[PDB]
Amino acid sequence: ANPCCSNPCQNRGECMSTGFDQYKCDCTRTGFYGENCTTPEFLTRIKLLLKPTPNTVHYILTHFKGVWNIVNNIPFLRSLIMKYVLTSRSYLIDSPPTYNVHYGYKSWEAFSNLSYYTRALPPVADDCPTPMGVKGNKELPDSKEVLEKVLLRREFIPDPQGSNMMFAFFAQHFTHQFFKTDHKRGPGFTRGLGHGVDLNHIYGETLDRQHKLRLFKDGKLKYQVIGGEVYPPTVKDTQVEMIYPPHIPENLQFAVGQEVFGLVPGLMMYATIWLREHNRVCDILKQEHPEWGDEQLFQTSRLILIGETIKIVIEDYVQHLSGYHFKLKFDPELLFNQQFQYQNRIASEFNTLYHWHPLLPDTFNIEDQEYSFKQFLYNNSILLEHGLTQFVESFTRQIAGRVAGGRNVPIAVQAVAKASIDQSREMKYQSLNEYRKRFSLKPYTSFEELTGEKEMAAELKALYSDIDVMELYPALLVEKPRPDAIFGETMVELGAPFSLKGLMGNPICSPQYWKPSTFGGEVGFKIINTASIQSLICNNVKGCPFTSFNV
């Protein structure tokens, strides 16, 4: 019955009911005007016919290697171009945040309640005739059929960008500090009240957990020594609650910041590495400041590790994902002379698009062993068996799977994928093309255009009938990938602004924070500004083994 069910307002204009059968669109500062905000202004037209498509920019950034080879060696040009790149991802995310799963309109409840995931697009109203609004049938196609037809992996499809398990597990570990759904409340709620990179997955969400994890000497975290190697402490030793099956021995119940990192040895690997890094930084700082107490050492170390995290994510992780020849640079100073809100609210769609389970292989190859999913899950005895060095050397060698392209979701976690669909419907997500229009992307006019392929497109056309009823998540998983790339256009163009707000929106990137004294002086600052995955592993793993995000 709601006259806004068809999402009539275009170009981010806001829809408002003006009666039972009438609507009005607020076209304030959209650059457009008219009934549904479709008539462009002069400056709008000018900026329109002069704006390059994301595929053109991507092509430019993945080609002309010599030009970028010259650019990367000129600090001025590199800084300028990096500033342009940062700018291109700005002004796409509502900050301060607006809607959530319970509010299709702006309200103080939606703004103040930090328990909600925020929403890039408002949910479809409950009284709408169809799940997507007014288009499509009364019900969306069977999620099981979608899953089995176009999502489930027949044969392992390797990532053409050469991503490995170091990358996959880094992605899981890193994202699971702000993607922490409160299943007690619902899919649209989060337990990560920090809504960003606070390293709560290392230090704990609450203060009591943090204290239980701390040694309260030299700023360090508690740890145990097995076979001369440093590992996280146990649940029995710290009373830190962790999620483990009842058949897991006490000496194998490692306790870390995030309570679910006992699930995968790959997660416990990075947990251990980051623990060791925190204590290392504590040693360095203690040597620099012998007059410092435990608390200051701990806090400063935490800030430093946050810095390292953002640094590595930008210049290694995203650098690998992008396939750019241009070297991305982590430098907050590039945003000081521009408008930028230093705050962030984790979006539900950001969570949804980051379900990169196709990265997972059928088996996990460590040294000379091939473990199944059943054998690998909740098995830290594997980590103790092979050790951190062998784990790094093995995960560096094993290639991960392609995320986009379709049919590469491992069967072992099929129930997860289906959930990603079901919950998406439960949270009343708008359609794919709506989210593309939301991020200034051209809507798909057919399923073949979406897939760049005829078979899966035919299946999807049989299931959804209309392209404007296609859902976001499976579209993300079956989308035509960029040339020999892991992702398609939608994944990148949606994930990048969210990532920008989630990284550069961190308070340590603010002018009053971004200075040496914040991190204990020039030494800590240098620890941040010289951070890399290779340096992390080299400094914290025995023998300094070679590591990378690609095979």
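Counting begins at 1, following the sequence as shown. The term rigid core refers to the maximal set of C-alpha atoms that superpose within 1.5 Å between the two forms.
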| item | value |
| --- | --- |
| Greater Cα displacement in 5 other deposited structures of this protein once the core is superposed, comparing 447-455 with 81-89 | 81-89 |
| Divergent stretch in 5 other deposited structures of this protein, 72-80 or 340-348 [C-alpha RMS, superposed by the core] | 72-80 |
| 324-332 set against 174-182, stretch whose average Cα temperature factor tops the other in the entry | 324-332 |
| 297-305 versus 466-474 - which carries the larger mean C-alpha B factor in the record | 466-474 |
| Identity of residue with top Cα B-factor, from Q414, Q338, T98, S143 | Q338 |
| Residue with maximal Cα B-factor (values as given in the PDB entry) among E349, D126, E426, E205 | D126 |
| Position of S499 among the chain's modelled residues by C-alpha B-factor, lowest, middle or highest third | lowest |
| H211 by Cα B-factor - lowest, middle or highest third of the modelled chain | middle |
| Chain thirds of CA B-factor: placement of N251 | highest |
| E291 CA temperature factor, ranked by third within the chain | middle |
| Record-listed C-alpha B factor of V492: chain third | middle |
